[PDB]
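In: please find the sequence and an experimentally derived structure below.
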Amino acid sequence: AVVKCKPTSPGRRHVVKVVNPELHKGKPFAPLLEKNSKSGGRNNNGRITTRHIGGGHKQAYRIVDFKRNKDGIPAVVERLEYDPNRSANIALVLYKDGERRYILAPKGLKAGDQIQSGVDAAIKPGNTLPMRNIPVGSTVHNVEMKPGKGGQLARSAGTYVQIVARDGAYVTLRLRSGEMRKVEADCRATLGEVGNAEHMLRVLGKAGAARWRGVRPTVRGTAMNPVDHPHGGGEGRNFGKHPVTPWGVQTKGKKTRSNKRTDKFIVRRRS
Amino acid sequence: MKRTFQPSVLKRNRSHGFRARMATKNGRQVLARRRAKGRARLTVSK
RNA sequence: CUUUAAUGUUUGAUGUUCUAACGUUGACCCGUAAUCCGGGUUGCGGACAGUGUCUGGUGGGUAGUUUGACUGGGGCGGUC
RNA sequence: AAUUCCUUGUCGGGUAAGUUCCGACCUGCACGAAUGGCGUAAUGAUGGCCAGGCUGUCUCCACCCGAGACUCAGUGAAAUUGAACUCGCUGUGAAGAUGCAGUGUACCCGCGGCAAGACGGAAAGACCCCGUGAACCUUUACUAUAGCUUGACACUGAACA
RNA sequence: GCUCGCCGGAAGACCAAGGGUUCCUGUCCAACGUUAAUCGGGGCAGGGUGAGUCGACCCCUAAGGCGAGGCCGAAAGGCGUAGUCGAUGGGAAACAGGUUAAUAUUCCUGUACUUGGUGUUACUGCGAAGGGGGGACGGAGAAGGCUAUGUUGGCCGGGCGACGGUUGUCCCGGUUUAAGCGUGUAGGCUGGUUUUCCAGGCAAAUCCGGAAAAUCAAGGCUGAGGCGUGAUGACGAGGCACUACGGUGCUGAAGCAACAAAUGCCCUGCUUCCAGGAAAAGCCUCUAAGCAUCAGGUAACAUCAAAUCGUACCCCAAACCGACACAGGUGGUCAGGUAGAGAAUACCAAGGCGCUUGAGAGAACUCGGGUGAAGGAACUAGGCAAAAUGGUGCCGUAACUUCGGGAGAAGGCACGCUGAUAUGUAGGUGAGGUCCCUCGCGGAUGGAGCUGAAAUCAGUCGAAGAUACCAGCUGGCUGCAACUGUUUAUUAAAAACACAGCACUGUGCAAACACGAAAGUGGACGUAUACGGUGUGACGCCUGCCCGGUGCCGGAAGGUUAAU
RNA sequence: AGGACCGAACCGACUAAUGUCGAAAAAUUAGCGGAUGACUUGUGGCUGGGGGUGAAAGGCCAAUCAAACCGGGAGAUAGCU
């Protein structure tokens, strides 16, 4: 529910909250949780290797199942739980034999649905099955790149991936970025787009509402003095250069992909 | 106002004690020169 | 000779298949009550990638320095 | 105009009087559309301007209460200092004289005050220039160079067009 | 010793951090104390800190540290797996009274408690680094039941009062009591109960989970306070004797009820929001190999063990950090009365101090104040500074607006006490009595007693009734920046930075990017509704023309050109 | 409900006066700003010198910062005093 707010104070005026009554208010499922540090955007050396990261609210990791090992066992969806790591909603699912797991929640998947994995599963939103059995021209998500490794593509909320063509050994996927790449046909994928499609409509209204997400303020390069940033300087609002990074690489259009190892698997780029 | 030396005797020993020097290469290199001029209070301890 | 099509040959450029070098930050087994790492089977890549020596280009990202004198103070102008 | 040099432009309002302020005019030295243009309610220890109330801010200060100053007792500093029997004036002089010349005036020494001078004290001027002095910063200054990139050989093999 | 004065959410009382004998006593006054000094945080001699329950040590882990091997690196070394450390966190248990010149939840008196060992007795499957349960958790708000505690009454002692009155509707004091043990309440959570099966919990499992069937509709868990015992004890005002006249010794009354009430407790609850809110052990339960004659398991009873270290004292300061006995700095706990919304402020209690130079004088001048005729910004760069405004209730409110705001806009009227309404109301509280009882810390009714606003009317005093302290100046026009925020510690708080929002652009995961010769980490245990970089800066209207130059992107006809 | 409002603790530092061999190598006094949040605070960690960190001033990094501190090259050099 894209609910605009009433302007009873400054900052509250522009806020939009996506209230969902489908979520569960209670405490999450305990033994599938664990700790998760924040690390402040610093590596093991100690230096800050990623700026603006830090602060924020303390959050706990929910162990989610991407590989979908349980093939053939039917499973029932218990509830939906908010996850502060993903942008997408996750679902607690209970199996026919007793194991409880988490999955990424698809679009039309309310609590009370029936899903399973395996090759003989019906092509219905929620199941996961190897890509050589999914019909060409179908929307999937949680796509693995290597067989039984992951489930990597189409994980953020409201996304999907279109299967296009099958030439025997490989299958073409029109990705979310308008990019068609090929993958090994033995990988698995989960039908239907992922849920929480209205995540994009969150506007945050105030300045502190990005701080407790863990995102610190960013200082423009033209604000600093020229020993810091390669824009710098100024006797008052002077730029005069071409826009580069803080380390002197051009930022306003400069193709930085250099792999040559995965170029054999793609067809087009960002158009 | 708040001066620059707030003592904390746990915090002093962890960074200027004995084993704080002996755990590193250059820290043992200090105590070789500390012994050479005969420092009585050789490190800061007690 | 100017042209051209075929043959023969020499010098290279691409492209396709293979796998045995090599990659694997895929799975599984063992070392082992261990998400490192080593070993093993298999799969996917594959003579690419990546690395070394040499070399063209780029390179204020970084460093060492240069930026003259006369002059009715200096600068500008003019001169040597 | 936070932008207008000429300039206090010109006109209207505000005041007895307004180089500021408000409103317009366009003649824009030298505004202008994400180095954003013009707006904009609320907000501001924000800049300018006007009004009411209020007052020792002022006309022009008066009195009073305490704390130092002041006298006595006890302890007891400091910066500065070539030596001093350390006057005014006109002049002369490395060119603004307690010290030279002329001349005047002035018993010896405290105390409380004030601050004109001793080019007073403090800080080897920071401005200015000089040094074949230094540091940082910038760039299409010069030479380098990490990085990114090209090709050759190597690790590196077969087939096949 | 007598008065006087100041603090009293401290200038009181406890601790941690940090000091290190400064604490107590006898002793001396050279130095030290900004003066003297018989005094002292000074010198000198002695004395002083007692623990199964407080704390450390300890068992457990967070951030993070070291890191066998290992990966990497000219070298030194870097990173990291197994592990092993690291509290600011989680884990067994004690309170009341007394005692010293100096210590105490440590000694003593009284009353308890905890986990172990050892034994014997009773019965039985016990058994892991393994499984699971538990431990175990945010922010905000609303309450409701209570206590600490206060006030009044009763009661008990003591007084009847230096000057007018005061045996009474009079004045002063006291009315205190723990841990534990027993009770399971206000209230909170949850449907229980037995039997069968199963590919889940890296093995196994009677435990966890799952699937049902039957059975009953209850059981269980948590839980402040209350009341019992603890305790016909202890304490206790006041007396009695002695007083080195310091204080000691000895008996020693009442020891109840009512109301008010916490930010403390129930509550780690409960509702509700999104920003989605540590781990591991102790604890409980399940089994593996293993032993199943034993061992071990619980229960009972007797005894044994609980070692070591710290403990004085200061602790918002004369003892710590500031060179000083420096107007500065410093985390936590306790928090009484009257007025007040209140931990503000004012006056006081407990308790603590008068700030280590005084005595005179009453000049200018300076600092800190108080008052002022008439004028009221004429001052000045400028209303800087002062003066003024200030509380509550009701009435009353403009342009504009993003419909929230503006707004406490501006402005008005009423506030003291006394009596009546009403021997103190509305309201809260709740005894006796009476009815139920599944028979209790029960429910229903009952209304005594206590407490008690506020309003209206009638008077009434003063110049002034929000009287003290305490406590907004207001309006109008415009600049800039949307906003709260942040910033030059120590001359700049701003229009600067930020910011939500918008856009361009990079990036398909072994991502771009950053740290690092590298290994590897961060990005991210994320995956384009994502991440990085850049520029603008809410919101509204919009965002024009120019691609030569410079960069980026794409192209291949030709020129040119490196090692080779 | 709220980076809501008034206002102590607490955190901050706009103005004036004082002080300037100070009580103080930045404070006192009379006001002032925030005060449920991008708050503030305790104990312990992490990041280092051409490096750190930075809601960005070239600020801060032990009273030191347009390149800390200590030792060493080193008795640098000094056409200057």
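Out: Yep, that arrived. Numbers count the residues shown, from 1 in each chain, chains lettered A, B, ... in the order given.
In: now residue A:91: how far from residue A:161?
Out: Counting by C-beta to C-beta, to the nearest Å, the gap from residue A:91 to residue A:161 is 20 Å. C-betas here are computed from N, CA, C, even on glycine.
In: more neighbours: which of the two?
Out: More crowded of residue A:91 and residue A:161, by other C-beta atoms under 10 Å in any protein chain shown: residue A:91, with 26 against 21.
In: that one and residue A:29, how far apart?
Out: For residue A:91 relative to residue A:29 (C-beta to C-beta), the value is 11 Å.
In: now swap in residue B:14 and tell me
Out: 41 Å.
In: neighbour count: the two, which is higher?
Out: Taking neighbours as other C-beta under 10 Å, residue B:14 and residue A:29 compare with residue A:29 leading, 17 against 11.
In: care to break chain A down by domain?
Out: As assigned by CATH domains of a matching chain, chain A contains the domains A:1-113, A:117-194, A:195-271.
In: please compute how far the last one lies from its chain's middle.
Out: Centroid separation for domain A:195-271 versus its chain: 19 Å, with C-alpha atoms, centre = their mean, to the nearest Å.
In: distance across that domain, terminal residue to terminal residue?
Out: This stretch, domain A:195-271, spans 27 Å end to end (C-alpha to C-alpha, to the nearest Å).
In: run through the strands of chain A in chain order.
Out: A:2-4, A:16-18, A:33-34, A:61-62, A:74-81, A:90-95, A:100-104, A:114-116, A:128-130, A:138-141, A:161-167, A:170-174, A:180-184, A:188-191 (DSSP state E).
In: nearest to RNA strand F, of these?
Out: strand A:16-18 (10.0 Å; C-beta to the nearest atom of the strand).
In: middle-most residue in chain B, spatially?
Out: Centroid-nearest residue in chain B, with C-alpha atoms, centre = their mean: residue B:16, separated by 3.0 Å.
In: if I read this right, residue A:105 contacts residue A:87, doesn't it?
Out: No: applying C-beta atoms under 8 Å as the test, residue A:105 and residue A:87 come out as separate, 11.6 Å apart.
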